[PDB]
Structure formats: structure tokens, C-alpha cells
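Structure file model12.pdb (PDB, C-alpha atoms and all ligand atoms) is printed below.
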ATOM      1  CA  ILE A   1     -45.854-131.968 -17.687
ATOM      2  CA  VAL A   2     -44.058-132.236 -14.336
ATOM      3  CA  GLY A   3     -40.270-132.071 -14.332
ATOM      4  CA  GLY A   4     -39.912-131.201 -18.011
ATOM      5  CA  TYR A   5     -38.415-128.370 -20.029
ATOM      6  CA  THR A   6     -39.734-125.595 -22.245
ATOM      7  CA  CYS A   7     -39.856-127.119 -25.729
ATOM      8  CA  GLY A   8     -39.320-123.922 -27.700
ATOM      9  CA  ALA A   9     -41.838-122.370 -30.064
ATOM     10  CA  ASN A  10     -43.056-124.690 -32.830
ATOM     11  CA  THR A  11     -40.425-127.354 -32.132
ATOM     12  CA  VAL A  12     -43.205-129.978 -31.761
ATOM     13  CA  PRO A  13     -45.066-129.164 -34.965
ATOM     14  CA  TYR A  14     -47.672-131.947 -34.746
ATOM     15  CA  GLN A  15     -48.895-130.891 -31.276
ATOM     16  CA  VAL A  16     -52.397-129.435 -31.188
ATOM     17  CA  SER A  17     -54.477-127.827 -28.457
ATOM     18  CA  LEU A  18     -58.169-128.722 -28.261
ATOM     19  CA  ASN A  19     -60.145-125.634 -27.282
ATOM     20  CA  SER A  20     -63.753-125.262 -26.115
ATOM     21  CA  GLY A  21     -63.350-121.688 -24.905
ATOM     22  CA  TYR A  22     -60.152-122.732 -23.118
ATOM     23  CA  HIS A  23     -57.486-125.403 -23.603
ATOM     24  CA  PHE A  24     -58.678-128.747 -22.268
ATOM     25  CA  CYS A  25     -56.658-131.510 -23.987
ATOM     26  CA  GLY A  26     -53.841-132.135 -26.414
ATOM     27  CA  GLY A  27     -53.836-134.052 -29.672
ATOM     28  CA  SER A  28     -51.621-134.913 -32.629
ATOM     29  CA  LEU A  29     -51.993-133.963 -36.289
ATOM     30  CA  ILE A  30     -51.715-137.137 -38.389
ATOM     31  CA  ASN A  31     -52.521-135.626 -41.809
ATOM     32  CA  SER A  32     -53.836-132.324 -43.094
ATOM     33  CA  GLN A  33     -57.420-133.031 -42.018
ATOM     34  CA  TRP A  34     -57.293-135.411 -39.028
ATOM     35  CA  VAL A  35     -56.234-135.268 -35.391
ATOM     36  CA  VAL A  36     -55.890-138.131 -32.936
ATOM     37  CA  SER A  37     -56.564-137.592 -29.232
ATOM     38  CA  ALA A  38     -57.878-139.492 -26.190
ATOM     39  CA  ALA A  39     -61.529-140.605 -26.065
ATOM     40  CA  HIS A  40     -61.787-139.256 -22.536
ATOM     41  CA  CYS A  41     -61.247-135.786 -24.085
ATOM     42  CA  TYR A  42     -64.502-136.071 -26.068
ATOM     43  CA  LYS A  43     -66.858-133.123 -26.056
ATOM     44  CA  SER A  44     -68.960-131.248 -28.560
ATOM     45  CA  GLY A  45     -67.866-127.882 -29.912
ATOM     46  CA  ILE A  46     -64.142-128.488 -30.389
ATOM     47  CA  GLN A  47     -61.864-125.983 -32.101
ATOM     48  CA  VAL A  48     -58.464-127.407 -33.002
ATOM     49  CA  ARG A  49     -55.566-124.992 -32.533
ATOM     50  CA  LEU A  50     -52.436-125.721 -34.572
ATOM     51  CA  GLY A  51     -49.117-123.901 -34.558
ATOM     52  CA  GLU A  52     -49.400-122.886 -30.899
ATOM     53  CA  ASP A  53     -46.694-122.094 -28.406
ATOM     54  CA  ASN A  54     -48.201-119.602 -25.942
ATOM     55  CA  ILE A  55     -51.902-120.558 -25.846
ATOM     56  CA  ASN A  56     -52.854-117.129 -24.419
ATOM     57  CA  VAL A  57     -51.063-114.901 -26.979
ATOM     58  CA  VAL A  58     -51.459-114.724 -30.770
ATOM     59  CA  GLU A  59     -47.866-115.102 -31.945
ATOM     60  CA  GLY A  60     -48.412-115.481 -35.695
ATOM     61  CA  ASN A  61     -48.148-119.178 -36.624
ATOM     62  CA  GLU A  62     -51.546-120.350 -35.395
ATOM     63  CA  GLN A  63     -54.274-122.003 -37.414
ATOM     64  CA  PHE A  64     -57.680-122.307 -35.722
ATOM     65  CA  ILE A  65     -59.983-124.863 -37.383
ATOM     66  CA  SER A  66     -63.286-126.223 -36.095
ATOM     67  CA  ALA A  67     -64.018-129.938 -35.947
ATOM     68  CA  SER A  68     -66.615-131.329 -38.346
ATOM     69  CA  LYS A  69     -66.833-134.827 -36.874
ATOM     70  CA  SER A  70     -65.490-136.720 -33.887
ATOM     71  CA  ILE A  71     -65.227-140.509 -33.714
ATOM     72  CA  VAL A  72     -64.622-142.210 -30.364
ATOM     73  CA  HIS A  73     -63.248-145.740 -30.621
ATOM     74  CA  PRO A  74     -66.098-148.285 -30.856
ATOM     75  CA  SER A  75     -64.880-150.152 -27.772
ATOM     76  CA  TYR A  76     -63.874-147.247 -25.513
ATOM     77  CA  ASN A  77     -64.673-148.017 -21.864
ATOM     78  CA  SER A  78     -64.746-144.892 -19.700
ATOM     79  CA  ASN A  79     -64.509-146.880 -16.463
ATOM     80  CA  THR A  80     -61.264-148.725 -17.307
ATOM     81  CA  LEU A  81     -59.953-146.320 -19.981
ATOM     82  CA  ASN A  82     -59.383-149.245 -22.324
ATOM     83  CA  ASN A  83     -59.282-148.070 -25.954
ATOM     84  CA  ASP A  84     -58.759-144.424 -24.953
ATOM     85  CA  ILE A  85     -58.481-143.022 -28.488
ATOM     86  CA  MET A  86     -60.572-140.690 -30.660
ATOM     87  CA  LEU A  87     -60.286-139.212 -34.156
ATOM     88  CA  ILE A  88     -61.294-135.634 -35.015
ATOM     89  CA  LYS A  89     -61.852-134.450 -38.587
ATOM     90  CA  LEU A  90     -61.174-130.804 -39.351
ATOM     91  CA  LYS A  91     -63.688-128.732 -41.324
ATOM     92  CA  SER A  92     -60.907-127.699 -43.725
ATOM     93  CA  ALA A  93     -57.382-128.915 -44.319
ATOM     94  CA  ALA A  94     -54.558-127.355 -42.384
ATOM     95  CA  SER A  95     -51.710-125.671 -44.250
ATOM     96  CA  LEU A  96     -48.601-127.741 -43.619
ATOM     97  CA  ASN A  97     -45.164-126.113 -43.234
ATOM     98  CA  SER A  98     -42.098-126.506 -40.967
ATOM     99  CA  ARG A  99     -43.970-125.266 -37.927
ATOM    100  CA  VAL A 100     -47.240-127.162 -38.546
ATOM    101  CA  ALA A 101     -46.662-130.722 -39.678
ATOM    102  CA  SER A 102     -48.118-134.178 -39.342
ATOM    103  CA  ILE A 103     -46.595-137.045 -37.358
ATOM    104  CA  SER A 104     -46.284-140.502 -38.897
ATOM    105  CA  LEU A 105     -48.206-143.478 -37.614
ATOM    106  CA  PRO A 106     -46.074-146.438 -36.544
ATOM    107  CA  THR A 107     -45.529-149.546 -38.595
ATOM    108  CA  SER A 108     -44.406-151.517 -35.546
ATOM    109  CA  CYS A 109     -44.830-151.223 -31.820
ATOM    110  CA  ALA A 110     -42.022-149.752 -29.769
ATOM    111  CA  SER A 111     -40.130-151.824 -27.225
ATOM    112  CA  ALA A 112     -39.471-151.122 -23.569
ATOM    113  CA  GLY A 113     -36.356-148.993 -23.161
ATOM    114  CA  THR A 114     -37.086-146.795 -26.179
ATOM    115  CA  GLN A 115     -36.823-143.074 -25.420
ATOM    116  CA  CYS A 116     -39.799-140.925 -26.344
ATOM    117  CA  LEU A 117     -40.869-137.270 -26.286
ATOM    118  CA  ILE A 118     -44.068-136.318 -24.420
ATOM    119  CA  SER A 119     -45.454-132.790 -24.644
ATOM    120  CA  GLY A 120     -48.321-130.637 -23.447
ATOM    121  CA  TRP A 121     -49.787-127.638 -21.648
ATOM    122  CA  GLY A 122     -50.872-129.552 -18.538
ATOM    123  CA  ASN A 123     -50.158-129.032 -14.871
ATOM    124  CA  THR A 124     -46.492-128.692 -13.932
ATOM    125  CA  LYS A 125     -46.843-129.577 -10.215
ATOM    126  CA  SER A 126     -47.265-132.916  -8.419
ATOM    127  CA  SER A 127     -48.822-131.124  -5.452
ATOM    128  CA  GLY A 128     -50.921-128.100  -6.195
ATOM    129  CA  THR A 129     -51.603-126.477  -9.510
ATOM    130  CA  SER A 130     -49.691-124.345 -11.990
ATOM    131  CA  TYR A 131     -50.622-124.355 -15.635
ATOM    132  CA  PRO A 132     -48.082-123.068 -18.121
ATOM    133  CA  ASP A 133     -48.869-120.940 -21.087
ATOM    134  CA  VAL A 134     -46.082-122.344 -23.287
ATOM    135  CA  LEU A 135     -45.551-125.917 -24.418
ATOM    136  CA  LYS A 136     -43.572-128.222 -22.118
ATOM    137  CA  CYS A 137     -41.595-131.310 -23.098
ATOM    138  CA  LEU A 138     -40.330-134.443 -21.360
ATOM    139  CA  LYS A 139     -38.032-137.208 -22.554
ATOM    140  CA  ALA A 140     -38.967-140.539 -20.987
ATOM    141  CA  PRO A 141     -38.495-144.245 -21.683
ATOM    142  CA  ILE A 142     -41.118-146.887 -22.255
ATOM    143  CA  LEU A 143     -41.208-149.218 -19.255
ATOM    144  CA  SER A 144     -41.445-152.988 -19.376
ATOM    145  CA  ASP A 145     -44.904-154.481 -19.297
ATOM    146  CA  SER A 146     -43.958-156.350 -16.114
ATOM    147  CA  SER A 147     -43.027-153.111 -14.310
ATOM    148  CA  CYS A 148     -46.202-151.435 -15.586
ATOM    149  CA  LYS A 149     -48.438-154.264 -14.377
ATOM    150  CA  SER A 150     -46.654-154.376 -11.029
ATOM    151  CA  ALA A 151     -47.306-150.645 -10.536
ATOM    152  CA  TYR A 152     -51.004-150.905 -11.462
ATOM    153  CA  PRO A 153     -52.203-154.415 -10.616
ATOM    154  CA  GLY A 154     -55.341-155.419 -12.451
ATOM    155  CA  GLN A 155     -55.533-152.220 -14.514
ATOM    156  CA  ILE A 156     -53.193-152.541 -17.528
ATOM    157  CA  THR A 157     -54.602-153.989 -20.733
ATOM    158  CA  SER A 158     -52.795-154.943 -23.940
ATOM    159  CA  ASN A 159     -53.823-151.508 -25.288
ATOM    160  CA  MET A 160     -51.753-149.591 -22.715
ATOM    161  CA  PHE A 161     -48.110-149.041 -21.897
ATOM    162  CA  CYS A 162     -46.306-147.220 -19.120
ATOM    163  CA  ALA A 163     -43.602-144.621 -19.682
ATOM    164  CA  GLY A 164     -41.662-142.458 -17.274
ATOM    165  CA  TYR A 165     -39.668-142.922 -14.116
ATOM    166  CA  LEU A 166     -40.472-145.204 -11.196
ATOM    167  CA  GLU A 167     -38.552-142.884  -8.873
ATOM    168  CA  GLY A 168     -41.108-140.142  -9.590
ATOM    169  CA  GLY A 169     -40.552-136.467 -10.287
ATOM    170  CA  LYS A 170     -41.089-136.492 -14.063
ATOM    171  CA  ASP A 171     -44.427-137.315 -15.718
ATOM    172  CA  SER A 172     -47.325-136.033 -17.763
ATOM    173  CA  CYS A 173     -50.316-134.663 -15.853
ATOM    174  CA  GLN A 174     -53.851-133.263 -16.047
ATOM    175  CA  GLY A 175     -54.266-131.138 -19.157
ATOM    176  CA  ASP A 176     -51.682-133.147 -21.109
ATOM    177  CA  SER A 177     -54.327-135.808 -21.858
ATOM    178  CA  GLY A 178     -54.758-136.641 -25.505
ATOM    179  CA  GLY A 179     -51.295-135.438 -26.444
ATOM    180  CA  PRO A 180     -48.465-137.240 -28.165
ATOM    181  CA  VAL A 181     -45.806-139.718 -27.163
ATOM    182  CA  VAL A 182     -43.362-139.775 -30.100
ATOM    183  CA  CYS A 183     -40.534-142.281 -30.352
ATOM    184  CA  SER A 184     -38.083-142.451 -33.259
ATOM    185  CA  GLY A 185     -40.248-140.053 -35.255
ATOM    186  CA  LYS A 186     -43.491-142.050 -34.939
ATOM    187  CA  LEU A 187     -46.601-141.570 -32.809
ATOM    188  CA  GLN A 188     -46.531-144.470 -30.336
ATOM    189  CA  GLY A 189     -48.711-143.206 -27.479
ATOM    190  CA  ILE A 190     -51.507-140.934 -26.351
ATOM    191  CA  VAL A 191     -51.459-139.390 -22.854
ATOM    192  CA  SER A 192     -54.233-141.297 -21.047
ATOM    193  CA  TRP A 193     -54.085-141.696 -17.242
ATOM    194  CA  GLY A 194     -52.080-142.241 -14.083
ATOM    195  CA  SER A 195     -52.473-142.033 -10.317
ATOM    196  CA  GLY A 196     -51.681-138.451  -9.437
ATOM    197  CA  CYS A 197     -48.690-137.039 -11.319
ATOM    198  CA  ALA A 198     -45.006-137.783 -10.900
ATOM    199  CA  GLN A 199     -45.530-140.000  -7.846
ATOM    200  CA  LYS A 200     -43.101-142.760  -6.912
ATOM    201  CA  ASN A 201     -44.008-146.150  -8.407
ATOM    202  CA  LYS A 202     -46.936-144.620 -10.369
ATOM    203  CA  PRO A 203     -45.746-143.910 -13.912
ATOM    204  CA  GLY A 204     -47.884-142.512 -16.671
ATOM    205  CA  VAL A 205     -50.134-144.813 -18.687
ATOM    206  CA  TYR A 206     -50.520-144.277 -22.415
ATOM    207  CA  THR A 207     -52.762-145.636 -25.166
ATOM    208  CA  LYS A 208     -50.743-148.028 -27.366
ATOM    209  CA  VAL A 209     -51.236-146.483 -30.819
ATOM    210  CA  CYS A 210     -49.659-149.343 -32.770
ATOM    211  CA  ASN A 211     -52.717-151.497 -31.941
ATOM    212  CA  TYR A 212     -55.029-148.996 -33.676
ATOM    213  CA  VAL A 213     -53.323-148.259 -37.003
ATOM    214  CA  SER A 214     -55.741-150.397 -39.037
ATOM    215  CA  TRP A 215     -58.782-148.741 -37.419
ATOM    216  CA  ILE A 216     -57.307-145.276 -37.959
ATOM    217  CA  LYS A 217     -56.516-145.890 -41.618
ATOM    218  CA  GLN A 218     -59.882-147.470 -42.406
ATOM    219  CA  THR A 219     -61.787-144.729 -40.595
ATOM    220  CA  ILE A 220     -59.956-141.913 -42.401
ATOM    221  CA  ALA A 221     -60.486-143.639 -45.757
ATOM    222  CA  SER A 222     -64.285-143.649 -45.370
ATOM    223  CA  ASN A 223     -65.031-140.384 -43.527
TER     224      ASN A 223
HETATM  225 CA    CA B 301     -50.722-118.582 -29.478
END
Take the structure from the file and write it as C-alpha cells.
Amino acid sequence: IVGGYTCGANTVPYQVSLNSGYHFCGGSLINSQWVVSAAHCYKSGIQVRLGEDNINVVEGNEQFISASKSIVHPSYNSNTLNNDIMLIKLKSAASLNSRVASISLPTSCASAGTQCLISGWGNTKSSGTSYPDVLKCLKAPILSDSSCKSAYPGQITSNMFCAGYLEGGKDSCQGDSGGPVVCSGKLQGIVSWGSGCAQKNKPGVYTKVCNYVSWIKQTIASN
């Protein structure tokens, strides 16, 4: 997250870190046994880390649970990033409390102008590299589809939305991928892609979760 603020420990209780020896992507806990992330975060050998603030220090609220199954969306296209969504089943159920909690799936899609919360452990610089150890947060609005398509001609599908600031300076970034965009207490987006980070006229692009609720629910019910 570029241009954000330190969230505070366990203030984003649905945020998870995906670990394969190191943090490589975010995700969101949607019930005691399932996480949603970006398909472009797929790899084998995932450990899901819940209850994290500092990802390099054991602070006492963590739960570390291995994945038993991963399911990339049937229509994910790695060249265009259309359908950039993946489900991960945990080997055992997490213990839910105030500091580790699920986030609700949306019943309706959010409109442009809605303010959302984006979070992650990704790069904090637009030029160069500095990775934080504690969770960072950013409040940002959903942008109109017209502004999104004007910023990225030929690249925005109906399964994507833009959020952020056209003036630059505030955005998600590498290492935030897979993490949540929460608006009015519902998971509306997944950190997916963008051109650089925090550049003028290049806002972040997010997977539009409301298009996937039926697939998520049916997949969880049968796996
Ligand atoms: Ca920790």
C-alpha cells in the first residue's frame, strides 16, 4: 500500500497472509474454512496465516493453517487477468473471535463513489522498494466505469473495477495482491493489477466480487 496508514493490530480481522516460506499475497477469510484470493497468487504449498499484524514477529493472536485444496476460477485468463479469483480451503477450521473474523459476501454490487478499505503488506513506494512488516490500510473510492476504461483502454472487463485516485500518490501495490477491498462491511473487491503503483491516471484494478457470489457459494457447498 502506497500512501496509506498503519491499520493497527488486528483491526482488519478478515485479512490473511498467504505464506510459502515468506509472505507473497493477501486474502480474505469468508468463513471458518475458506479464503478468497486472486488466481494470479496460485501456487502449491500454501500456509494461510490468520490473526497477523507484524508478519515477522509472533505476537500471540496468529493461527497458521495449511491449505487442503485450491480452486482457481474455471475461466481465469492469466494474460488479461479476467476472472482473477481463487478459493482456498483450510485443512481445519479457524477459531473465530474479535481479532480473527470472516467478512460477508455482498448481496449487491457497489456503485462508483462508494468508499472502501484496502489493506495489505505490499510495497509502500511508487519508486523503489520498501516492504512493511505491519499491516497497512488505505481508504479509497470506487471510480466510475467510464474513468476506469479511459485510464486502461481495451483492458477493463465487466469483472473488474477501478478504485483509488487519478491524481496518484495512493494505491495498492505488489504484495497486496489477493487482499480485500471492503465497502460498507462487505467484500467487494480483490487486489488484482495496475500499471506501476500510485501513478497519475493509473488507478488500481480490482476483481469485482459481486459477479462471483453464486460460484463461491456453490463451490463451498460441494467441496
Ligand atoms: Ca505475527
TODO: Using all atoms listed in the file, find each residue with an atom at most 6 Å away from ligand CA 301 (chain B) and format the answer as a PyMOL selection string.
DONE: chain A and resi 52-59
Open item on the list: Would you pick out the contacts of region 31-35 of chain A at 10 Å or less, using all atoms listed in the file, so that residues sharing its chain but fewer than 5 positions from it are not included, and give the list as an MDAnalysis selection string?
Closed with: chainID A and resid 14:16 18 26 48 65 67 69:70 86:96 100:105 216 220
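As for CA of residue 149 (chain A) and CA of residue 183 (chain A), they are spaced 21.5 Å apart.
CA of residue 140 (chain A) lies 7.5 Å from CA of residue 118 (chain A).
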The PyMOL selection byres (((chain A and resi 161) around 9) and not hetatm) - which residues does that actually catch in the file I just gave you? List them as an mmCIF file with C-alpha atoms, in the frame of the given file.
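Final output, expr.cif:
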data_model
loop_
_atom_site.group_PDB
_atom_site.id
_atom_site.type_symbol
_atom_site.label_atom_id
_atom_site.label_comp_id
_atom_site.auth_asym_id
_atom_site.auth_seq_id
_atom_site.Cartn_x
_atom_site.Cartn_y
_atom_site.Cartn_z
ATOM 1 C CA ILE A 142 -41.118 -146.887 -22.255
ATOM 2 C CA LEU A 143 -41.208 -149.218 -19.255
ATOM 3 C CA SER A 144 -41.445 -152.988 -19.376
ATOM 4 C CA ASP A 145 -44.904 -154.481 -19.297
ATOM 5 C CA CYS A 148 -46.202 -151.435 -15.586
ATOM 6 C CA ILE A 156 -53.193 -152.541 -17.528
ATOM 7 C CA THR A 157 -54.602 -153.989 -20.733
ATOM 8 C CA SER A 158 -52.795 -154.943 -23.940
ATOM 9 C CA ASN A 159 -53.823 -151.508 -25.288
ATOM 10 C CA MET A 160 -51.753 -149.591 -22.715
ATOM 11 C CA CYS A 162 -46.306 -147.220 -19.120
ATOM 12 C CA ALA A 163 -43.602 -144.621 -19.682
ATOM 13 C CA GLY A 189 -48.711 -143.206 -27.479
ATOM 14 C CA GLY A 204 -47.884 -142.512 -16.671
ATOM 15 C CA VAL A 205 -50.134 -144.813 -18.687
ATOM 16 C CA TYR A 206 -50.520 -144.277 -22.415
ATOM 17 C CA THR A 207 -52.762 -145.636 -25.166
ATOM 18 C CA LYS A 208 -50.743 -148.028 -27.366
#
- [ ] Given the file shown, enumerate the residues that the PyMOL selection byres (((chain A and resi 198) around 9) and not hetatm) captures and present them as a ChimeraX atom specification.
- [x] /A:1-3,125-126,164-173,194-197,199-204
Output C-alpha atoms for every residue in that selection, as a CSV table (one decimal), in the frame of the given file.
chain,number,residue,atom,x,y,z
A,1,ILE,CA,-45.9,-132.0,-17.7
A,2,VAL,CA,-44.1,-132.2,-14.3
A,3,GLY,CA,-40.3,-132.1,-14.3
A,125,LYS,CA,-46.8,-129.6,-10.2
A,126,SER,CA,-47.3,-132.9,-8.4
A,164,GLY,CA,-41.7,-142.5,-17.3
A,165,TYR,CA,-39.7,-142.9,-14.1
A,166,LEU,CA,-40.5,-145.2,-11.2
A,167,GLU,CA,-38.6,-142.9,-8.9
A,168,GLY,CA,-41.1,-140.1,-9.6
A,169,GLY,CA,-40.6,-136.5,-10.3
A,170,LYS,CA,-41.1,-136.5,-14.1
A,171,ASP,CA,-44.4,-137.3,-15.7
A,172,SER,CA,-47.3,-136.0,-17.8
A,173,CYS,CA,-50.3,-134.7,-15.9
A,194,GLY,CA,-52.1,-142.2,-14.1
A,195,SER,CA,-52.5,-142.0,-10.3
A,196,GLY,CA,-51.7,-138.5,-9.4
A,197,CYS,CA,-48.7,-137.0,-11.3
A,199,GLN,CA,-45.5,-140.0,-7.8
A,200,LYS,CA,-43.1,-142.8,-6.9
A,201,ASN,CA,-44.0,-146.2,-8.4
A,202,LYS,CA,-46.9,-144.6,-10.4
A,203,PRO,CA,-45.7,-143.9,-13.9
A,204,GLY,CA,-47.9,-142.5,-16.7
Open item on the list: Which residues would end up in the selection if the PyMOL selection byres (((chain A and resi 120) around 6) and not hetatm) were applied here, given that I need the answer as a ChimeraX atom specification?
Closed with: /A:119,121-122,135-136,176
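Between CA of residue 41 (chain A) and CA of residue 7 (chain A) lies a distance of 23.1 Å.
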How big is the axis-aligned box around the listed atoms of region 59-71 of chain A once 8 Å is added on each side, and where is its centre? Give both in Å to one decimal, as AutoDock Vina command-line options.
--center_x -57.3 --center_y -127.8 --center_z -35.1 --size_x 35.0 --size_y 41.4 --size_z 22.4
Pull the neighbourhood of (-59.5, -131.9, -19.8) for me: all residues within 7 Å in file coordinates, counting all atoms listed in the file, as an mmCIF file with C-alpha atoms, in the coordinates of the input.
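Okay, this is what ended up in part.cif:
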data_model
loop_
_atom_site.group_PDB
_atom_site.id
_atom_site.type_symbol
_atom_site.label_atom_id
_atom_site.label_comp_id
_atom_site.auth_asym_id
_atom_site.auth_seq_id
_atom_site.Cartn_x
_atom_site.Cartn_y
_atom_site.Cartn_z
ATOM 1 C CA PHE A 24 -58.678 -128.747 -22.268
ATOM 2 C CA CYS A 25 -56.658 -131.510 -23.987
ATOM 3 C CA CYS A 41 -61.247 -135.786 -24.085
ATOM 4 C CA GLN A 174 -53.851 -133.263 -16.047
ATOM 5 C CA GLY A 175 -54.266 -131.138 -19.157
ATOM 6 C CA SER A 177 -54.327 -135.808 -21.858
#
Open item on the list: Nearest residue to residue 12 (chain A) out of A:44, A:124, A:28, A:222, using all atoms listed in the file?
Closed with: A:28
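Each of A:123, A:223, A:155, A:10 was checked against residue 98 (chain A) using all atoms listed in the file; the smallest atom-to-atom distance is that of A:10.
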Open item on the list: For a quick check of understanding, using only C-alpha atoms, which of A:61, A:184, A:68, A:20 has the smallest distance to residue 45 (chain A)?
Closed with: A:20
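Residues surrounding residue 21 (chain A) within 9 Å are residues 19, 23, 24, 46 and 47 of chain A [all atoms listed in the file; sequence separation below 2 positions excluded].
Among the candidate residues A:73, A:139, A:40, A:186, the one lying nearest to residue 113 (chain A) is A:139, with distances computed using only C-alpha atoms.
The residue that comes closest to residue 214 (chain A), out of A:38, A:180, A:107, A:115 and on the basis of only C-alpha atoms, is A:107.
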Could I get region 27-41 of chain A rebuilt with N, CA and C atoms, written as a PDB file, keeping the file's coordinate frame?
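Saved as rebuild13.pdb:
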ATOM      1  N   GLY A  27     -53.602-133.135 -28.571  1.00  0.00           N
ATOM      2  CA  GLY A  27     -53.836-134.052 -29.672  1.00  0.00           C
ATOM      3  C   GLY A  27     -52.637-133.989 -30.606  1.00  0.00           C
ATOM      4  N   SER A  28     -52.693-134.815 -31.641  1.00  0.00           N
ATOM      5  CA  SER A  28     -51.621-134.913 -32.629  1.00  0.00           C
ATOM      6  C   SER A  28     -52.212-134.852 -34.027  1.00  0.00           C
ATOM      7  N   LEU A  29     -51.602-134.049 -34.884  1.00  0.00           N
ATOM      8  CA  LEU A  29     -51.993-133.963 -36.289  1.00  0.00           C
ATOM      9  C   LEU A  29     -51.378-135.128 -37.051  1.00  0.00           C
ATOM     10  N   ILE A  30     -52.212-135.968 -37.665  1.00  0.00           N
ATOM     11  CA  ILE A  30     -51.715-137.137 -38.389  1.00  0.00           C
ATOM     12  C   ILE A  30     -51.820-137.010 -39.899  1.00  0.00           C
ATOM     13  N   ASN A  31     -52.558-136.034 -40.401  1.00  0.00           N
ATOM     14  CA  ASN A  31     -52.521-135.626 -41.809  1.00  0.00           C
ATOM     15  C   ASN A  31     -53.191-134.253 -41.847  1.00  0.00           C
ATOM     16  N   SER A  32     -53.338-133.691 -43.033  1.00  0.00           N
ATOM     17  CA  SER A  32     -53.836-132.324 -43.094  1.00  0.00           C
ATOM     18  C   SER A  32     -55.249-132.140 -42.570  1.00  0.00           C
ATOM     19  N   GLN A  33     -56.038-133.208 -42.430  1.00  0.00           N
ATOM     20  CA  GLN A  33     -57.420-133.031 -42.018  1.00  0.00           C
ATOM     21  C   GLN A  33     -57.843-133.819 -40.780  1.00  0.00           C
ATOM     22  N   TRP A  34     -56.928-134.533 -40.128  1.00  0.00           N
ATOM     23  CA  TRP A  34     -57.293-135.411 -39.028  1.00  0.00           C
ATOM     24  C   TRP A  34     -56.330-135.274 -37.856  1.00  0.00           C
ATOM     25  N   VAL A  35     -56.929-135.305 -36.666  1.00  0.00           N
ATOM     26  CA  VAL A  35     -56.234-135.268 -35.391  1.00  0.00           C
ATOM     27  C   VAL A  35     -56.593-136.516 -34.592  1.00  0.00           C
ATOM     28  N   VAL A  36     -55.630-137.047 -33.873  1.00  0.00           N
ATOM     29  CA  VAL A  36     -55.890-138.131 -32.936  1.00  0.00           C
ATOM     30  C   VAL A  36     -55.681-137.618 -31.518  1.00  0.00           C
ATOM     31  N   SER A  37     -56.597-137.995 -30.628  1.00  0.00           N
ATOM     32  CA  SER A  37     -56.564-137.592 -29.232  1.00  0.00           C
ATOM     33  C   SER A  37     -57.085-138.759 -28.393  1.00  0.00           C
ATOM     34  N   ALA A  38     -57.334-138.494 -27.103  1.00  0.00           N
ATOM     35  CA  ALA A  38     -57.878-139.492 -26.190  1.00  0.00           C
ATOM     36  C   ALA A  38     -59.408-139.420 -26.230  1.00  0.00           C
ATOM     37  N   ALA A  39     -60.070-140.575 -26.183  1.00  0.00           N
ATOM     38  CA  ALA A  39     -61.529-140.605 -26.065  1.00  0.00           C
ATOM     39  C   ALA A  39     -62.042-139.892 -24.826  1.00  0.00           C
ATOM     40  N   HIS A  40     -61.283-139.913 -23.730  1.00  0.00           N
ATOM     41  CA  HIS A  40     -61.787-139.256 -22.536  1.00  0.00           C
ATOM     42  C   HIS A  40     -61.778-137.736 -22.665  1.00  0.00           C
ATOM     43  N   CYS A  41     -61.183-137.201 -23.739  1.00  0.00           N
ATOM     44  CA  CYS A  41     -61.247-135.786 -24.085  1.00  0.00           C
ATOM     45  C   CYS A  41     -62.479-135.418 -24.920  1.00  0.00           C
TER      46      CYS A  41
END
